[PDB]
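Worksheet for the structure shown next.
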Amino acid sequence: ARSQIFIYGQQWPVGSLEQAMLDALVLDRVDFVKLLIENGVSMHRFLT
Amino acid sequence: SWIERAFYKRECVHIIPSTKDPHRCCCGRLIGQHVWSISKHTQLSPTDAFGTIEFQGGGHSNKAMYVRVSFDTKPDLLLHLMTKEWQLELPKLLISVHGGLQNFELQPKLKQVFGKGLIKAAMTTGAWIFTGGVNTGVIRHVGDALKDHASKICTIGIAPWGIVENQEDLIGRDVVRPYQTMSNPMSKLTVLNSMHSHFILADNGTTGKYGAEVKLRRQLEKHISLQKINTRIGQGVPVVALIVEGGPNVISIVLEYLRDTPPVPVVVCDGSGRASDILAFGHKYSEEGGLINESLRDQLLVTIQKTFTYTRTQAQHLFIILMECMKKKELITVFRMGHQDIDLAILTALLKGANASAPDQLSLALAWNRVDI
Numbered sequence: 437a438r439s440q441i442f443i444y445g446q447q448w449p450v451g452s453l454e455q456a457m458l459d460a461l462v463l464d465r466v467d468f469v470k471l472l473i474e475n476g477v478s479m480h481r482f483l484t
Numbered sequence: 030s031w032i033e034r035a036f037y038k039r040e041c042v043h044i045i046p047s048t049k050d051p052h053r054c055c056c057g058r059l060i061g062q063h064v092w093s094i095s096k097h098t099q100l101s102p103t104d105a106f107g108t109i110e111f112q113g114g115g116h117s118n119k120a121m122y123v124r125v126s127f128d129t130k131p132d133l134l135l136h137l138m139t140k141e142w143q144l145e146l147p148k149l150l151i152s153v154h155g156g157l158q159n160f161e162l163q164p165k166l167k168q169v170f171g172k173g174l175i176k177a178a179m180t181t182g183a184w185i186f187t188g189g190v191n192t193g194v195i196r197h198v199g200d201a202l203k204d205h206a207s208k213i214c215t216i217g218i219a220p221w222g223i224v225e226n227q228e229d230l231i232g233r234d235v236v237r238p239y240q241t242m243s244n245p246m247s248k249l250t251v252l253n254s255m256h257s258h259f260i261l262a263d264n265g266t267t268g269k270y271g272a273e274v275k276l277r278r279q280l281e282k283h284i285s286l287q288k289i290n291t292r293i294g295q296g297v298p299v300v301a302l303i304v305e306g307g308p309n310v311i312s313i314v315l316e317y318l319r320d321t322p323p324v325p326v327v328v329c330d331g332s333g334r335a336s337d338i339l340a341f342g343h344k345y346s347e348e349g350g351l352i353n354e355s356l357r358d359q360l361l362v363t364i365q366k367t368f369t370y371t372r373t374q375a376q377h378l379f380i381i382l383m384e385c386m387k388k389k390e391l392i393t394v395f396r397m398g402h403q404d405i406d407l408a409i410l411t412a413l414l415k416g417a418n419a420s421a422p423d424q425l426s427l428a429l430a431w432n433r434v435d436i
């Protein structure tokens, strides 16, 4: 996921990264959470 | 509000000369996208692009100040902006990182030793790092060094405003604008480095072309070097010149640095290639400076004609510029790989360029706690 999905030039829909963030939280995927926060999404704007 | 009323900006209002492509003007923008005076006929206006950049993505989140200024602004107002509005104290050391605009890859721990050298030389003296701004080549290595640093910083980079990607994303007046660190592979518009602290993005009016920042950066560095610090040990905020790789232009930059009053020492690194390797091969095989015999001369000529793919007359002209650089051989410090990192070079340049007596250099080294230097 790091080396091809999050490669340069990849267009991202609005709100899809937070849905993937939630899906990574519910499935207990720590490294995907680390990668996701690393790729722009903050816990302040996501967690409701 | 002082930034808009003190700094100016320029925008492309021309006769739209097509040259090659009918959409591409002299400034390179689209033919309908419009809204020096020679062929661009540009007009001056208050700025509309300054404030804060919140770097979204790219690992750690870092906020960088930015301001769009004209390329012909006096350096005193920019330095007053840096000291007053950005709350930056006067530094004790200036580092000028120059290199090739093309992306390149070096040896792994040549990169690591260079990065740790620039990083620890940045913390211990409280220096200011001056880069090219955009995330290409040597400045990409500087940004990777700053990412690996992850501690504690003033690494203000000067880039052309028109060469930046998502120029409409950075439009505002003292407003935090989110930026994407993600760049399209095909887009010629380069991206801003994520791990920089300040930006001196300069507009000459044109977009997608370089040369809008070299004179302003050089004048600002000269004006900073005229700012003799209160310590005043033979110099004021001494200026070093780190060169990694580079092209044909960095030889002229080295010639401008060496043939200057006061002289600027120039330090180079080995193993990256291109202009730095020919500079190192000249420096090892030099004898008494400009006294170079014929065999290393045509070896230098064939390596210039091979590495830089130049014609024989351009290689001869570049060798002439190399010998004009080589007349001042004492200022050039060459770092060779193979327990010494970059750290033990910038300093040398500060010591020799300061040109004070050896008690003063000894007291400065005692202040820095650098017994090896």
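Listed in order, the protein sequences are those of chains C and B.
Going by the deposited numbering, the first sequence opens with residue 437, and the numbers climb by one from there.
Read in order, the letters of the second sequence correspond to residues 30 to 64, 92 to 208, 213 to 398, 402 to 436 in the deposited numbering.
All residues carry an ideal CB built from backbone N, CA and C; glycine is no exception.
Buried or exposed (CB count within 10 angstroms, at least 16 for buried), residue i
i                      : result
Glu305 of chain B      : buried
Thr484 of chain C      : exposed
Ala272 of chain B      : buried
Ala120 of chain B      : buried
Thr369 of chain B      : exposed
residue 449 of chain B : It is not possible to answer for residue 449 of chain B, since the shown part of chain B is limited to 30 through 436.
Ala335 of chain B      : buried
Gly349 of chain B      : exposed
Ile223 of chain B      : buried
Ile311 of chain B      : buried
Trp92 of chain B       : exposed
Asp104 of chain B      : exposed
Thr241 of chain B      : buried
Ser126 of chain B      : buried
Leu472 of chain C      : buried
Neighbourhood of residue i by C-beta distance below 6 Å, restricted to the same chain and skipping five residues each side
i                 : result
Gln163 of chain B : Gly331
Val251 of chain B : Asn191, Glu225 and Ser243
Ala419 of chain B : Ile293 and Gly294
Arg277 of chain B : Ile218
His52 of chain B  : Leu59 and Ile60
Bounding residues of the alpha helix (DSSP H) (the contiguous stretch that carries residue i)
i                 : result
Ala417 of chain B : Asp406 to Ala417
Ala201 of chain B : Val194 to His205
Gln279 of chain B : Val274 to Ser285
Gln99 of chain B  : Counting along the chain, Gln99 of chain B falls outside any alpha helix (DSSP H), though it belongs to the beta strand (DSSP E) covering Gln99 to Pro102.
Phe482 of chain C : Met479 to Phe482
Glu474 of chain C : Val466 to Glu474
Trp431 of chain B : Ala421 to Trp431
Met255 of chain B : Note, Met255 of chain B: premise wrong, no alpha helix (DSSP H); not H, not E.
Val224 of chain B : Note, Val224 of chain B: premise wrong, no alpha helix (DSSP H); not H, not E.
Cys385 of chain B : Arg372 to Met386
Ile185 of chain B : Here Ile185 of chain B belongs to no alpha helix (DSSP H); instead the beta strand (DSSP E) covers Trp184 to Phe186.
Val310 of chain B : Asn309 to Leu318
Integer Cβ distance of residue i from residue j, believed to fall under 8 Å
i                 : j                 : result
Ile32 of chain B  : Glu141 of chain B : 7 Å
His43 of chain B  : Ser101 of chain B : 15 Å between Cβ atoms; not a contact.
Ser257 of chain B : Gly114 of chain B : So it is not a contact: roughly 15 Å between Cβ atoms.
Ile284 of chain B : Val297 of chain B : 6 Å
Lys208 of chain B : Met179 of chain B : 6 Å
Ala183 of chain B : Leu150 of chain B : 7 Å
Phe395 of chain B : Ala412 of chain B : Wrong, their Cβ atoms sit about 11 Å apart, outside the cutoff.
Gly57 of chain B  : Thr363 of chain B : Rounded, the Cβ-Cβ distance is 34 Å, inconsistent with contact.
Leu135 of chain B : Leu280 of chain B : 7 Å
Close Cβ partners of residue i (< 7 Å) along its chain, the five nearest in sequence each way excluded
i                 : result
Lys176 of chain B : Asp406
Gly342 of chain B : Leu360, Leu382 and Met386
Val236 of chain B : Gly107, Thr108 and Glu110
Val326 of chain B : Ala301, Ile303, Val314, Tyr317, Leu318, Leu391 and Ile392
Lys130 of chain B : none
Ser247 of chain B : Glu225
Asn118 of chain B : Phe111, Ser254 and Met255
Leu427 of chain B : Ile293
Terminal residues of the beta strand (DSSP E) in which residue i lies
i                 : result
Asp234 of chain B : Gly232 to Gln240
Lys172 of chain B : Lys172 of chain B -> not in any beta strand (DSSP E); alpha helix (DSSP H) instead, spanning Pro164 to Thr181.
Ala301 of chain B : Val299 to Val304
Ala105 of chain B : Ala105 to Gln112
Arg39 of chain B  : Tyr37 to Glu40
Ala460 of chain C : Premise fails: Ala460 of chain C lies in the alpha helix (DSSP H), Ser452 to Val462, not in any beta strand (DSSP E).
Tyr444 of chain C : That residue, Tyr444 of chain C, is in no beta strand (DSSP E); it is neither H nor E in DSSP.
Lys119 of chain B : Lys119 to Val123
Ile45 of chain B  : Segment: none, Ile45 of chain B is in no beta strand (DSSP E) and carries neither H nor E.
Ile338 of chain B : Premise fails: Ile338 of chain B lies in the alpha helix (DSSP H), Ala335 to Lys344, not in any beta strand (DSSP E).
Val153 of chain B : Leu150 to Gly155
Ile364 of chain B : That residue, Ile364 of chain B, is in no beta strand (DSSP E); its alpha helix (DSSP H) goes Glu354 to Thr367.
Residues near residue i in its chain [Cβ-Cβ closer than 8 Å; skip 5 each side]
i                 : result
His97 of chain B  : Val42, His43 and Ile44
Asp229 of chain B : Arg237, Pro238, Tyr239 and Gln240
- request: Can you give me, in chain order, the residues of the region 239-257 of chain B that have a beta carbon less than 7 Å from any beta carbon in chain C?
  value: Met242, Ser243, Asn244 and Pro245
query: Listed from N- to C-terminal order along the chain, which residues in the region 115-134 of chain B have their beta-carbon within a distance smaller than 9 Å of any beta-carbon of chain C?
result: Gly115, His116 and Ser117
query: Of the residues that make up the region 456-477 of chain C, which ones have a beta carbon closer than 8 Å to any beta carbon in chain B?
result: Of all residues in the region 456-477 of chain C, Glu474, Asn475 and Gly476 have a Cβ within less than 8 Å of some Cβ in chain B.
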